[PDB]
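Shown next: structure33.cif, containing mmCIF, C-alpha atoms and all ligand atoms.
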data_input
loop_
_atom_site.label_atom_id
_atom_site.label_comp_id
_atom_site.auth_asym_id
_atom_site.auth_seq_id
_atom_site.Cartn_x
_atom_site.Cartn_y
_atom_site.Cartn_z
CA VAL H 1 3.64 -20.07 25.35
CA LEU H 2 5.01 -16.80 23.85
CA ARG H 3 7.45 -15.37 26.42
CA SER H 4 11.11 -14.31 26.73
CA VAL H 5 13.55 -17.02 27.95
CA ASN H 6 15.56 -15.95 31.04
CA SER H 7 18.93 -16.76 29.40
CA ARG H 8 20.89 -13.84 31.00
CA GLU H 9 23.18 -13.89 27.88
CA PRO H 10 23.68 -10.25 26.66
CA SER H 11 22.94 -9.35 23.01
CA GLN H 12 23.36 -5.89 21.42
CA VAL H 13 20.59 -4.98 18.96
CA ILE H 14 19.99 -2.03 16.60
CA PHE H 15 16.28 -1.11 16.58
CA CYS H 16 16.12 0.49 13.11
CA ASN H 17 12.81 2.23 12.35
CA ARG H 18 12.48 1.94 8.54
CA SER H 19 8.80 3.00 8.68
CA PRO H 20 6.94 6.41 8.58
CA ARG H 21 5.31 5.65 12.02
CA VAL H 22 6.42 6.44 15.58
CA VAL H 23 7.36 2.92 16.80
CA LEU H 24 6.61 1.47 20.20
CA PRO H 25 8.99 -1.48 20.97
CA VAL H 26 7.18 -4.04 23.17
CA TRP H 27 9.11 -6.68 25.21
CA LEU H 28 7.20 -9.83 26.29
CA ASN H 29 8.38 -10.60 29.84
CA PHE H 30 9.00 -14.12 31.29
CA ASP H 31 5.19 -14.42 32.00
CA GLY H 32 4.27 -13.46 28.36
CA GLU H 33 2.95 -10.00 29.30
CA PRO H 34 3.82 -6.99 27.08
CA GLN H 35 5.95 -4.12 28.52
CA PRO H 36 6.20 -0.81 26.57
CA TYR H 37 9.70 0.61 25.92
CA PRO H 38 10.77 4.18 24.75
CA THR H 39 9.41 5.14 21.31
CA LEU H 40 11.47 5.62 18.09
CA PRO H 41 10.61 8.56 15.75
CA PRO H 42 10.40 7.62 11.99
CA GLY H 43 13.74 6.82 10.30
CA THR H 44 15.71 6.67 13.58
CA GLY H 45 17.95 3.92 14.99
CA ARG H 46 18.97 3.04 18.57
CA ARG H 47 21.70 0.67 19.79
CA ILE H 48 20.01 -1.16 22.71
CA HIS H 49 21.02 -3.81 25.30
CA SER H 50 18.88 -7.00 25.18
CA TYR H 51 19.39 -10.81 25.78
CA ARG H 52 19.30 -14.01 23.69
CA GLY H 53 15.86 -15.64 23.53
CA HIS H 54 14.07 -12.38 24.49
CA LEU H 55 10.87 -11.85 22.54
CA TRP H 56 10.05 -8.41 21.02
CA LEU H 57 7.24 -7.04 18.86
CA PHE H 58 6.74 -3.53 17.41
CA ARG H 59 3.59 -1.40 17.06
CA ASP H 60 2.58 2.14 16.03
CA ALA H 61 2.92 4.17 19.28
CA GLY H 62 -0.31 6.15 18.73
CA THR H 63 -2.73 3.56 17.27
CA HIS H 64 -1.08 0.17 18.13
CA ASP H 65 -1.19 -0.94 14.42
CA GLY H 66 0.98 -4.04 13.95
CA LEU H 67 4.44 -3.68 12.34
CA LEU H 68 7.00 -6.20 10.99
CA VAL H 69 10.60 -6.67 12.18
CA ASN H 70 12.94 -8.39 9.66
CA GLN H 71 9.81 -9.25 7.55
CA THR H 72 8.10 -11.22 10.44
CA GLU H 73 5.91 -10.43 13.53
CA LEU H 74 8.34 -11.34 16.37
CA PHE H 75 12.05 -10.61 16.96
CA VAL H 76 14.37 -12.75 19.12
CA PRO H 77 18.01 -11.51 19.60
CA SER H 78 20.69 -14.13 18.82
CA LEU H 79 24.47 -14.29 19.69
CA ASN H 80 26.55 -11.33 18.39
CA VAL H 81 29.06 -12.74 15.85
CA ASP H 82 32.36 -10.85 15.07
CA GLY H 83 31.49 -8.03 17.54
CA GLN H 84 28.53 -6.92 15.39
CA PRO H 85 25.02 -6.02 16.74
CA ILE H 86 21.87 -7.76 15.45
CA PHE H 87 19.71 -5.50 13.22
CA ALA H 88 15.94 -5.38 13.93
CA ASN H 89 14.56 -3.58 10.86
CA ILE H 90 11.05 -2.37 11.71
CA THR H 91 8.98 -1.83 8.58
CA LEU H 92 5.34 -1.29 7.63
CA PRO H 93 3.58 -4.47 6.43
CA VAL H 94 1.64 -4.40 3.16
CA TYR H 95 -1.73 -3.85 4.82
CA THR H 96 -4.91 -4.97 3.04
CA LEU H 97 -6.72 -1.95 1.45
CA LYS H 98 -9.60 -2.51 3.93
CA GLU H 99 -7.24 -2.38 6.96
CA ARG H 100 -5.49 0.78 5.70
CA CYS H 101 -8.93 2.38 5.09
CA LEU H 102 -10.00 1.42 8.66
CA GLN H 103 -6.77 3.02 9.98
CA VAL H 104 -7.52 6.37 8.26
CA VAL H 105 -11.27 6.47 9.15
CA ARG H 106 -10.32 5.65 12.84
CA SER H 107 -7.77 8.53 12.84
CA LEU H 108 -10.54 11.00 11.75
CA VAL H 109 -13.76 9.78 13.49
CA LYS H 110 -14.23 9.48 17.27
CA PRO H 111 -15.39 5.90 18.28
CA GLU H 112 -18.71 7.35 19.61
CA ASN H 113 -19.38 8.68 16.04
CA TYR H 114 -18.55 5.41 14.11
CA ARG H 115 -22.31 4.56 14.24
CA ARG H 116 -23.12 7.99 12.68
CA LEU H 117 -21.27 7.04 9.42
CA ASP H 118 -23.62 5.89 6.61
CA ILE H 119 -21.95 2.46 6.15
CA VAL H 120 -23.00 -1.21 6.42
CA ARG H 121 -23.32 -2.70 10.01
CA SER H 122 -20.31 -5.04 9.59
CA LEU H 123 -18.09 -1.97 8.92
CA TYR H 124 -19.04 -0.46 12.33
CA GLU H 125 -17.80 -3.70 14.00
CA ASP H 126 -14.61 -3.62 11.86
CA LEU H 127 -13.88 0.00 12.93
CA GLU H 128 -14.45 -0.88 16.62
CA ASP H 129 -12.08 -3.88 16.52
CA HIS H 130 -8.98 -1.72 17.15
CA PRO H 131 -5.43 -3.25 16.88
CA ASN H 132 -4.69 -5.09 20.13
CA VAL H 133 -1.38 -6.69 21.21
CA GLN H 134 -3.29 -9.18 23.48
CA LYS H 135 -5.47 -10.44 20.57
CA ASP H 136 -2.58 -10.90 18.09
CA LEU H 137 -0.51 -12.78 20.71
CA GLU H 138 -3.41 -15.26 21.15
CA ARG H 139 -3.56 -15.75 17.33
CA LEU H 140 0.26 -16.28 17.25
CA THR H 141 0.28 -18.80 20.19
CA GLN H 142 -2.52 -20.80 18.48
CA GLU H 143 -0.58 -20.94 15.16
CA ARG H 144 2.71 -21.71 17.07
CA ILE H 145 1.05 -24.84 18.61
CA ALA H 146 -0.56 -25.84 15.26
CA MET P 1 14.96 1.10 -11.21
CA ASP P 2 11.21 0.88 -12.04
CA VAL P 3 8.79 3.79 -12.66
CA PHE P 4 5.01 3.38 -12.28
CA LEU P 5 2.75 5.29 -14.68
CA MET P 6 -0.86 6.08 -15.73
CA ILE P 7 -1.09 6.48 -19.55
CA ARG P 8 -4.25 8.64 -19.91
CA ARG P 9 -6.43 9.53 -22.97
CA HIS P 10 -10.09 10.75 -22.87
CA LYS P 11 -11.73 8.28 -20.33
CA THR P 12 -9.13 5.41 -20.47
CA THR P 13 -6.12 4.91 -18.10
CA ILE P 14 -3.39 2.24 -18.43
CA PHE P 15 -1.59 1.38 -15.19
CA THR P 16 1.86 0.09 -16.20
CA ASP P 17 5.52 -0.09 -15.07
CA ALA P 18 8.75 0.50 -17.04
CA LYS P 19 12.52 0.94 -16.37
CA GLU P 20 13.92 4.46 -15.80
CA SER P 21 16.54 3.69 -18.56
CA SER P 22 13.81 2.55 -21.06
CA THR P 23 12.81 4.94 -23.87
CA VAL P 24 9.59 6.85 -24.74
CA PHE P 25 9.49 4.68 -27.93
CA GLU P 26 9.56 1.46 -25.84
CA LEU P 27 6.60 2.88 -23.80
CA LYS P 28 4.71 3.36 -27.14
CA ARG P 29 5.40 -0.37 -27.89
CA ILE P 30 3.65 -1.21 -24.55
CA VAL P 31 0.66 1.01 -25.55
CA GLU P 32 0.58 -0.82 -28.97
CA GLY P 33 0.13 -4.22 -27.27
CA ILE P 34 -2.87 -2.88 -25.28
CA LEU P 35 -4.77 -0.36 -27.53
CA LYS P 36 -3.61 -1.85 -30.92
CA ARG P 37 -2.29 1.48 -32.37
CA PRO P 38 1.35 1.66 -33.71
CA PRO P 39 3.99 4.08 -32.22
CA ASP P 40 3.90 6.33 -35.34
CA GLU P 41 0.16 6.97 -34.58
CA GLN P 42 1.00 8.07 -30.98
CA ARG P 43 2.13 11.17 -29.06
CA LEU P 44 3.04 10.96 -25.34
CA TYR P 45 3.07 14.09 -23.09
CA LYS P 46 4.02 15.18 -19.53
CA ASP P 47 1.67 18.01 -18.35
CA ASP P 48 1.76 19.80 -21.81
CA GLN P 49 5.28 19.02 -23.23
CA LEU P 50 5.48 16.46 -26.06
CA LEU P 51 8.08 13.74 -25.32
CA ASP P 52 10.73 12.79 -27.92
CA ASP P 53 10.87 9.03 -28.79
CA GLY P 54 14.66 8.67 -28.20
CA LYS P 55 14.77 9.97 -24.57
CA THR P 56 14.78 7.73 -21.48
CA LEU P 57 11.81 7.97 -19.06
CA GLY P 58 14.22 9.36 -16.41
CA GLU P 59 15.28 12.09 -18.88
CA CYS P 60 11.51 13.04 -19.13
CA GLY P 61 11.12 13.31 -15.32
CA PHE P 62 9.55 9.92 -14.46
CA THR P 63 11.75 8.64 -11.58
CA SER P 64 11.29 6.64 -8.28
CA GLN P 65 10.30 9.99 -6.63
CA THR P 66 7.55 11.11 -9.08
CA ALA P 67 6.37 7.70 -10.43
CA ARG P 68 5.63 5.31 -7.52
CA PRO P 69 3.29 2.21 -7.31
CA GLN P 70 1.00 4.04 -4.76
CA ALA P 71 1.41 7.49 -6.48
CA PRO P 72 1.95 6.93 -10.27
CA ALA P 73 2.97 9.70 -12.71
CA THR P 74 0.59 10.62 -15.56
CA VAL P 75 1.66 10.28 -19.24
CA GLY P 76 -0.79 11.93 -21.64
CA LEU P 77 -1.68 10.09 -24.87
CA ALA P 78 -3.12 11.48 -28.17
CA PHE P 79 -3.67 9.23 -31.26
CA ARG P 80 -3.25 10.08 -34.96
CA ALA P 81 -6.57 10.43 -36.85
CA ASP P 82 -6.01 10.51 -40.66
CA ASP P 83 -2.51 12.10 -41.10
CA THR P 84 -3.15 14.63 -38.23
CA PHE P 85 -2.93 14.37 -34.42
CA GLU P 86 -5.89 15.22 -32.18
CA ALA P 87 -5.48 17.78 -29.35
CA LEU P 88 -4.45 16.16 -26.01
CA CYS P 89 -7.67 15.62 -24.03
CA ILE P 90 -7.64 13.82 -20.65
CA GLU P 91 -11.02 13.77 -18.87
CA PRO P 92 -10.51 14.22 -15.08
CA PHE P 93 -11.84 11.77 -12.49
CA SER P 94 -15.01 12.47 -10.44
CA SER P 95 -14.80 14.90 -7.50
CA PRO P 96 -15.20 13.31 -3.99
CA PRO P 97 -18.30 14.37 -1.94
CA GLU P 98 -18.18 16.90 0.95
CA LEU P 99 -16.20 15.51 3.94
CA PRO P 100 -18.81 13.98 6.39
CA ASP P 101 -19.64 15.94 9.58
CA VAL P 102 -18.08 13.26 11.87
CA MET P 103 -14.82 13.21 9.82
CA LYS P 104 -14.44 17.05 9.79
CA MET B 1 1.31 -9.95 -19.94
CA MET B 2 -2.57 -10.14 -19.76
CA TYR B 3 -4.77 -7.05 -19.07
CA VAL B 4 -8.40 -6.45 -17.93
CA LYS B 5 -10.70 -3.38 -18.09
CA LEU B 6 -12.42 -2.11 -14.88
CA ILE B 7 -15.16 0.46 -15.63
CA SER B 8 -16.26 2.94 -12.91
CA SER B 9 -19.87 4.16 -12.36
CA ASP B 10 -19.01 7.52 -14.07
CA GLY B 11 -17.73 5.75 -17.23
CA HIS B 12 -13.90 5.83 -16.74
CA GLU B 13 -12.13 2.69 -18.07
CA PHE B 14 -9.09 1.47 -16.11
CA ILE B 15 -6.88 -1.01 -17.97
CA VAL B 16 -4.83 -2.98 -15.41
CA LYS B 17 -2.69 -6.16 -15.53
CA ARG B 18 -4.86 -9.29 -14.89
CA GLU B 19 -2.44 -10.52 -12.17
CA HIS B 20 -2.80 -7.15 -10.36
CA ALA B 21 -6.62 -7.09 -10.56
CA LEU B 22 -6.69 -10.71 -9.17
CA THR B 23 -5.58 -9.13 -5.79
CA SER B 24 -9.37 -8.71 -5.20
CA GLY B 25 -11.24 -12.00 -4.68
CA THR B 26 -14.46 -10.37 -5.98
CA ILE B 27 -12.78 -9.37 -9.31
CA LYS B 28 -11.35 -12.95 -9.64
CA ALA B 29 -14.92 -14.35 -9.26
CA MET B 30 -16.37 -11.83 -11.75
CA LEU B 31 -13.72 -12.86 -14.36
CA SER B 32 -14.14 -16.65 -13.69
CA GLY B 33 -17.76 -16.60 -14.89
CA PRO B 34 -20.20 -13.68 -15.66
CA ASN B 35 -12.05 -9.33 -19.73
CA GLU B 36 -14.22 -6.33 -18.59
CA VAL B 37 -15.85 -5.71 -15.18
CA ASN B 38 -18.39 -2.89 -14.63
CA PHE B 39 -18.72 -1.26 -11.16
CA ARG B 40 -22.05 0.58 -10.94
CA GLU B 41 -21.34 1.96 -7.44
CA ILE B 42 -17.55 2.70 -7.48
CA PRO B 43 -16.72 6.21 -8.89
CA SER B 44 -13.44 6.96 -10.74
CA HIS B 45 -11.83 8.90 -7.83
CA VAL B 46 -12.19 5.64 -5.78
CA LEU B 47 -11.51 3.08 -8.56
CA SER B 48 -8.27 4.85 -9.65
CA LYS B 49 -7.03 4.52 -6.01
CA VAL B 50 -8.10 0.82 -5.95
CA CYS B 51 -5.90 0.22 -9.07
CA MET B 52 -2.98 2.08 -7.37
CA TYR B 53 -3.42 -0.28 -4.38
CA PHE B 54 -3.14 -3.40 -6.63
CA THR B 55 0.24 -2.32 -8.10
CA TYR B 56 1.41 -1.22 -4.56
CA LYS B 57 0.40 -4.64 -3.17
CA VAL B 58 2.01 -6.68 -6.00
CA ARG B 59 5.24 -4.60 -5.89
CA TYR B 60 5.78 -4.59 -2.10
CA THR B 61 4.29 -7.96 -0.87
CA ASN B 62 7.18 -10.35 0.07
CA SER B 63 9.82 -7.63 -0.68
CA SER B 64 12.68 -7.32 1.88
CA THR B 65 12.93 -3.50 1.33
CA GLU B 66 11.58 -0.38 3.19
CA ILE B 67 7.79 -0.31 2.60
CA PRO B 68 6.22 3.15 1.97
CA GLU B 69 2.80 4.13 3.35
CA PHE B 70 -0.23 3.69 1.08
CA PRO B 71 -1.69 7.30 1.22
CA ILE B 72 -5.47 7.95 1.38
CA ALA B 73 -6.83 11.53 1.38
CA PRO B 74 -9.53 12.09 4.09
CA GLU B 75 -12.09 13.03 1.35
CA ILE B 76 -12.00 9.55 -0.28
CA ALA B 77 -11.36 7.36 2.84
CA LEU B 78 -15.01 6.36 3.54
CA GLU B 79 -15.91 5.45 -0.09
CA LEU B 80 -12.57 3.65 -0.52
CA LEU B 81 -13.39 1.66 2.69
CA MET B 82 -16.79 0.70 1.17
CA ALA B 83 -15.13 -0.37 -2.14
CA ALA B 84 -12.32 -2.33 -0.34
CA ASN B 85 -14.96 -4.14 1.75
CA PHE B 86 -16.89 -5.16 -1.39
CA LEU B 87 -13.70 -6.13 -3.30
CA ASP B 88 -11.93 -7.90 -0.36
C1 LIG C 1 16.49 3.58 23.74
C2 LIG C 1 15.32 2.72 23.41
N1 LIG C 1 14.46 3.14 22.41
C3 LIG C 1 13.51 2.28 22.23
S1 LIG C 1 13.54 0.90 23.25
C4 LIG C 1 14.98 1.53 24.00
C5 LIG C 1 15.66 0.74 25.06
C6 LIG C 1 16.18 1.37 26.19
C7 LIG C 1 16.85 0.64 27.15
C8 LIG C 1 17.02 -0.73 27.03
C9 LIG C 1 17.79 -1.50 28.07
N2 LIG C 1 17.34 -2.88 28.26
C10 LIG C 1 16.26 -3.18 28.99
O1 LIG C 1 15.73 -2.34 29.72
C11 LIG C 1 15.72 -4.59 28.91
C12 LIG C 1 15.95 -5.46 27.66
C13 LIG C 1 15.20 -6.79 27.73
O2 LIG C 1 15.60 -7.64 26.64
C14 LIG C 1 15.50 -7.52 29.02
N3 LIG C 1 15.45 -6.61 30.16
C15 LIG C 1 14.86 -7.07 31.37
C16 LIG C 1 14.57 -6.22 32.43
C17 LIG C 1 14.02 -6.78 33.57
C18 LIG C 1 13.96 -8.15 33.71
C19 LIG C 1 14.42 -8.92 32.67
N4 LIG C 1 14.89 -8.42 31.52
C20 LIG C 1 16.09 -5.41 30.13
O3 LIG C 1 17.00 -5.12 30.88
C21 LIG C 1 16.51 -1.35 25.90
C22 LIG C 1 15.82 -0.63 24.94
CL CL C 2 21.89 4.70 20.17
#
Can you turn what I pasted into structure tokens?
Amino acid sequence: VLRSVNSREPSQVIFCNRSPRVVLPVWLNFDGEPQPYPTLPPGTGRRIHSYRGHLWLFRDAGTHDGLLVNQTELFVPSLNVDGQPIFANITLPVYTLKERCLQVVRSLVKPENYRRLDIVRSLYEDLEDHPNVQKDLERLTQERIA
Amino acid sequence: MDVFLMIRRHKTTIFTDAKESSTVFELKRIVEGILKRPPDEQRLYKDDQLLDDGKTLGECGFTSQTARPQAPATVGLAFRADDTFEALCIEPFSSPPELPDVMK
Amino acid sequence: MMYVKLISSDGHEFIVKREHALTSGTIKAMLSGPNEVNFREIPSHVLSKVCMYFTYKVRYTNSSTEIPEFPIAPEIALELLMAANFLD
């Protein structure tokens, strides 16, 4: 269900990284599969060539943590009005304290040593469930239908 | 613009927000509504310097850069006990344990 | 507005806005039945960071502005994870 539409209508977009993370732009092709694009260092902007109806999502380039674009999960370029590009403001979401804690413990402990931490069993499973573009797309297609 | 603070005295901490243009006196009115002590029985500090009631919080050094929601600035508090003010005493928080072997 | 007191295991009292403390579902339940909540396993170096998270969450949720990172020092990360899991 979630895929770019092959409109062939050009649309200029500014990918503006308003986050402290290195951003990985991800384009969902016409079969719904994610393709990685060049990364954006924190606080940088790039004027890029895209098309109307094309579906984009943005992640942390090192850990694949989910990021927002114009306060939502997916970005679709629209027609350029008055010779102006469309801004795609990539920002950090307000993560839950538990998710932010999992992000920091994952950045310090190797996955083979998660089981060595003196924590409850459910927290080992939470640490192992790393951010995954494939999983979040399934969750988004299910909520798009419903 | 808003400034986010921790008003600290002995073993009590108030997490509150205020405008950068608001005064030290207006911050004492906030403390009055929580700890039930009037502004004349209060002294607010930054590190060790006593703050004058008529200055703005920005004029004291509490700005969007030093007083953030996720990193609030500390404002020391000392109450008046029978016509004399107690010495400013802020008990520090507990020390974290040694960093685990797998995290090192 | 309304305030609540959250006491750490080492005796520190944290006075926070009731709306902010209601970020945690566990705290909401503790205030619904059996304005003070005592945490016998959360120390002050963890509970002070939990209170900083509540104001961070209330300030930046639904805001259309640049969101800063919520910082966590490596020394407190594991205990803060345990507290966040209990508090939801
Ligand atoms: C500098 C930079 N930094 C981060 S990302 C980036 C960037 C670089 C170059 C382009 C140029 N456009 C494309 O490569 C895509 C855009 C897509 O919307 C459609 N598409 C594509 C291709 C093959 C079949 C069908 N469509 C394309 O040509 C974009 C971003
Ligand atoms: Cl560019």
Applying 9 Å and only C-alpha atoms, which residues near residue 39 of chain B remain after dropping the ones on its own chain fewer than 5 positions away? List them as a compact mmCIF listing (two decimals) with C-alpha atoms, in the frame of the given file.
# COMPACT_ATOMS: atom_id res chain seq x y z
CA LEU B 6 -12.42 -2.11 -14.88
CA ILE B 7 -15.16 0.46 -15.63
CA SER B 8 -16.26 2.94 -12.91
CA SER B 9 -19.87 4.16 -12.36
CA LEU B 47 -11.51 3.08 -8.56
Discussion item. Can you work out which residues from chain H touch chain B at a cut-off of 10 Å (counting all atoms listed in the file) and hand them back as number ranges by chain?
Written reply: H: 17-21, 70-71, 89-105, 107-108, 117-120, 122-123
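The closest residue to chain P, picked from H:62, H:45, H:77, H:111 and counting all atoms listed in the file, is H:111.
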Practice prompt. Show me which residues sit within 12 Å of ligand CL 2 (chain C) when counting all atoms listed in the file, and put them as an MDAnalysis selection string.
Written response: chainID H and resid 12:16 40 44:49 85
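In this structure, atom CA of residue 10 of chain H sits 4.4 Å away from atom CA of residue 51 of chain H.
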Worksheet item: Restricting the calculation to all atoms listed in the file, which member of H:42, H:53, H:131, H:32 is positioned closest to ligand LIG 1 (chain C)?
Response: H:53
Discussion item. Residues of chain P within 8 Å of chain B, counting only C-alpha atoms, what are they? List them as an MDAnalysis selection string.
Written reply: chainID P and resid 11:16 34 69:72 93:99 103
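All chain P residues having an atom within 8 Å of chain H, based on all atoms listed in the file, amount to residues 100, 102, 103 and 104 of chain P.
Here atom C4 of ligand LIG 1 (chain C) stands at a distance of 23.1 Å from atom CA of residue 82 of chain H.
Residues in contact with residue 73 of chain P at 8 Å, where only C-alpha atoms are counted and same-chain residues fewer than 3 positions away are skipped, are listed as residues 4, 5, 6, 62, 66, 67 and 68 of chain P.
The spacing separating atom CA of residue 58 of chain P from atom CA of residue 20 of chain P amounts to 4.9 Å.
With all atoms listed in the file as the atoms that count, the minimum distance from ligand LIG 1 (chain C) to the choices H:50, H:41, H:2, H:8 is reached by H:50.
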Worksheet entry | Residue contacts of residue 89 of chain P (7 Å, all atoms listed in the file) excluding same-chain residues fewer than 2 positions away, as JSON, numbers by chain | {"P": [9, 10, 87, 91]}
Practice prompt. Find the spatial neighbours of residue 36 of chain H, counting all atoms listed in the file, within a cut-off of 9 Å - ignore same-chain residues fewer than 4 positions away - and output them as a ChimeraX atom specification.
Written response: /H:24-27
With 5 Å added on each side, what axis-aligned box encloses every listed atom of segment 54-64 of chain P? Give the centre and edge lengths in Å to one decimal, as JSON.
{"center_x": 12.4, "center_y": 10.0, "center_z": -18.2, "size_x": 15.7, "size_y": 16.7, "size_z": 29.9}
Selection: 9 Å around residue 85 of chain P, all atoms listed in the file, excl. self and same-chain fewer than 3 positions, as a CSV table (one decimal) with C-alpha atoms, in the frame of the given file:
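Listing of part-v7.csv after writing:
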chain,number,residue,atom,x,y,z
P,41,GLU,CA,0.2,7.0,-34.6
P,42,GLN,CA,1.0,8.1,-31.0
P,43,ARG,CA,2.1,11.2,-29.1
P,78,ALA,CA,-3.1,11.5,-28.2
P,79,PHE,CA,-3.7,9.2,-31.3
P,80,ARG,CA,-3.2,10.1,-35.0
P,81,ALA,CA,-6.6,10.4,-36.8
P,82,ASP,CA,-6.0,10.5,-40.7
P,88,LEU,CA,-4.4,16.2,-26.0
Worksheet item: List as number ranges by chain: which residues have an atom within 10 Å of (2.9, 16.8, -25.6), counting all atoms listed in the file?
Response: P: 43-52, 75-78, 87-88
